[PDB]
Amino acid sequence: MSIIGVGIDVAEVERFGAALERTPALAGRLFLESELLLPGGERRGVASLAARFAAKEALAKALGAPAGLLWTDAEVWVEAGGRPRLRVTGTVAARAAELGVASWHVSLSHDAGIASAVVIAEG
Amino acid sequence: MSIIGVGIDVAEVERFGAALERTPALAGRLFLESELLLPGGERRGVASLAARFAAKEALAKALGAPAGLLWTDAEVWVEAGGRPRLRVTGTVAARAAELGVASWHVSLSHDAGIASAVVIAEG
Amino acid sequence: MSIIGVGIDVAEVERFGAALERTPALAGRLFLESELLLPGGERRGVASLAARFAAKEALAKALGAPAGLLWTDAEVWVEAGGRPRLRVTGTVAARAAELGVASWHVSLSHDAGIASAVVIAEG
Ligand SMILES: CC(=O)SCCNC(=O)CCNC(=O)[C@H](O)C(C)(C)COP(=O)(O)OP(=O)(O)OC[C@H]1O[C@@H](n2cnc3c(N)ncnc32)[C@H](O)[C@@H]1OP(=O)(O)O
Ligand SMILES: CC(=O)SCCNC(=O)CCNC(=O)[C@H](O)C(C)(C)COP(=O)(O)OP(=O)(O)OC[C@H]1O[C@@H](n2cnc3c(N)ncnc32)[C@H](O)[C@@H]1OP(=O)(O)O
Ligand SMILES: CC(=O)SCCNC(=O)CCNC(=O)[C@H](O)C(C)(C)COP(=O)(O)OP(=O)(O)OC[C@H]1O[C@@H](n2cnc3c(N)ncnc32)[C@H](O)[C@@H]1OP(=O)(O)O
Ligand SMILES: [Mg+2]
Ligand SMILES: [Mg+2]
Ligand SMILES: [Mg+2]
């Protein structure tokens, strides 16, 4: 395997929350139902959501951000141990296959009113 | 070798310095004596320290942040050329062995009142 | 191939623009003519330029930031699809050869008055 792409993204939490409040349908456009919930069942907060948005932008970047990709075809899930993970389906999986991506790595940080993600695509 | 994990962490310098001043024992809990000094012998400043804290969080993230890890079992050292490096011992080395990590890569930045680190674990 | 280095850099856009305005010769010292233009032909703006500066710092970091490297020996170019790319020549290529670097990966983000880059060197 070799590195096929890297992405980084930094989002302002306040701006992102304002985007969500302005267009009620937006959250469901960007996120699967599972992503909108905490492991317990509570609704996920805006900073954690901004970090997942940053993950999806970073993932897009690592794939060369082509047209035709759906936000709901990338999913951030969470291991029992707490590690965030990427699962790709449909349009995003198809693009990753064009490029030969076998493995995804993500990390998130959110603090200081800002959410950051890095994504590495390997294959 | 393949990538086994990635971590990113962004820390607010002011907040971190306030944490250090509030609990005198904290610095010695987070850092080895060597990390608290500049190559000359002067005491390392708060921004540079916040960046090493971010490195250790990022390293934890790349390992899936399990319980039982000691801050003093990760060490940021510095090459003659100035490159920051990671050395892992004890509990952190043990966890990296569980995952098959052979090689560590780190970079630091601190500026704008914020410290950032990225860590990649390969093996 | 394995990872040979990683770099991250975060630059304040305002500070960087002030540096450019203060010393007219600075832009031409840091950037090739091609980097100072948008694909159309318009002059590239300060935030996008700060992000390319961050890329070159990040690239320097991934190489262990030795003496003797020229800013104009690293070039950020842009694919038809929009992906940013690194090309290295002269002094920067020579240093990458010392270390065995075969492949470069970069991503950029600029938002919230700040520009960020990550660079990975593989070989
Ligand atoms: C995986 C998924 O969920 S995809 C689902 C559908 N969503 C998408 O495809 C969204 C893709 N995102 C976009 O189109 C974005 O506008 C991007 C990636 C082009 C830019 O990201 P933003 O968050 O808007 O801005 P940000 O400042 O973080 O990034 C800009 C940088 O991205 C980089 N970029 C631009 N196009 C691309 C591309 N095709 N591939 C990779 N990087 C790119 C550039 O370096 C740019 O800076 P520059 O113009 O100064 O060189
Ligand atoms: C190497 C050493 O020095 S270890 C020594 C002992 N120290 C440690 O083990 C510290 C480990 N650190 C922690 O427990 C931290 O609270 C962390 C890593 C869980 C989070 O980091 P913080 O700096 O507190 O917050 P930050 O916002 O930067 O990171 C949060 C993100 O980390 C990610 N995260 C949470 N748990 C884990 C995990 N087990 N592994 C990897 N990433 C994780 C999540 O994506 C989370 O955001 P989300 O809840 O919105 O998904
Ligand atoms: C590819 C090219 O275009 S090279 C062309 C010519 N330009 C250069 O060579 C510029 C090289 N840049 C420098 O000298 C910079 O001052 C650097 C890389 C040392 C630091 O970057 P800056 O943007 O000034 O500050 P920033 O806070 O982002 O980075 C500082 C961190 O860089 C790291 N660093 C220092 N020296 C090195 C090195 N030789 N290699 C890698 N990382 C280093 C350290 O972790 C440092 O933080 P610390 O002192 O708290 O440990
Ligand atoms: Mg952004
Ligand atoms: Mg943090
Ligand atoms: Mg900087």
Side-chain angles (χ1 to χ4, degrees), chain A residues 1-19 46-47 50-51 53-69 86 91 95-96 98-123, chain C residues 1-14 16 39 47-48 50-59 61-63 76-88 96 99-123:
Chain A
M1 286 195 302
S2 63
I3 295 170
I4 297 171
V6 67
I8 192 164
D9 196 63
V10 177
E12 201 185 323
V13 178
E14 200 212 292
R15 187 167 178 255
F16 176 79
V46 66
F53 182 69
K56 303 193 183 188
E57 292 279 32
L59 197 173
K61 291 181 176 179
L63 297 180
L69 304 189
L86 300 169
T91 58
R95 170 61 171 184
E98 293 177 15
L99 302 180
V101 181
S103 293
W104 290 96
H105 307 274
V106 57
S107 182
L108 308 181
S109 187
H110 52 88
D111 188 2
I114 293 286
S116 306
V118 58
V119 175
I120 303 169
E122 165 185 58
Chain C
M1 286 195 302
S2 63
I3 295 170
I4 297 171
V6 67
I8 192 164
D9 196 63
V10 177
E12 201 185 323
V13 178
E14 200 212 292
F16 176 79
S48 177
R52 290 156 162 65
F53 182 69
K56 303 193 183 188
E57 292 279 32
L59 197 173
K61 291 181 176 179
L63 297 180
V76 180
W77 59 281
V78 174
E79 287 185 2
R83 201 202 285 261
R85 295 289 307 282
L86 300 169
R87 175 179 295 129
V88 298
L99 302 180
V101 181
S103 293
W104 290 96
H105 307 274
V106 57
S107 182
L108 308 181
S109 187
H110 52 88
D111 188 2
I114 293 286
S116 306
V118 58
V119 175
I120 303 169
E122 165 185 58

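Here is the naming used below: chain letters follow the sequence lines, and residue numbers restart at 1 for every chain. Note that these values count all heavy atoms, side chains included, but never hydrogens, waters or copies made by symmetry.
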**Prompt:** Checking heavy atoms, do the side chain of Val106(C), its backbone, both or neither come under 4.5 Å from chain A?
**Reply:** backbone
**Prompt:** For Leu63(A), is it the side chain, the backbone, both or neither that has a heavy atom under 4.5 Å from a heavy atom of chain C?
**Reply:** backbone
**Message:** For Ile120(A), which atoms come within 4.5 Å of any heavy atom of chain C: side chain, backbone, both, or neither?
**Reply:** side chain
**Complete:** Counting heavy-atom pairs under 4.5 angstrom with chain C, the leader among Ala62(A), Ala65(A), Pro66(A), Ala11(A) is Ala62(A)
**Prompt:** Heavy atoms, side chains only, cut-off 4.5 Å: are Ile3(C) and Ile3(A) in contact?
**Reply:** yes
**Prompt:** Considering only heavy atoms, which portion of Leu108(C) lies under 4.5 Å from any heavy atom of chain A: side chain, backbone, both, or neither?
**Reply:** backbone
**Message:** At a 4.5 Å cut-off on heavy atoms, which part of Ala67(A) comes close to chain C: side chain, backbone, both, or neither?
**Reply:** neither
**Prompt:** Quick one: does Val6(A)'s side chain get under 4.5 Å of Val119(C)'s, heavy atoms only?
**Reply:** no
**Message:** Does any backbone or side-chain atom of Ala58(A) lie under 4.5 Å from a heavy atom of chain C? Answer side chain, backbone, both or neither.
**Reply:** neither
Would you enumerate the inter-chain donor-acceptor pairs between chain A and chain C whose distance is below 3.5 Å?
unit_1, atom_1, unit_2, atom_2, d
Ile3(A), N, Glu122(C), OE2, 2.5
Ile3(A), O, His105(C), NE2, 3.4
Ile8(A), N, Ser107(C), OG, 3.0
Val10(A), N, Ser109(C), OG, 3.3
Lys61(A), NZ, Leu108(C), O, 2.7
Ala62(A), O, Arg83(C), NH1, 3.3

**Item:** Intermediate values then yes/no, side chain to side chain contact (heavy atoms under 4.5 Å, CB included), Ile8(A) and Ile8(C)
**Value:** CA-CA 10 Å; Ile8(A) 192 164; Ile8(C) 192 164; 4.3 Å; yes
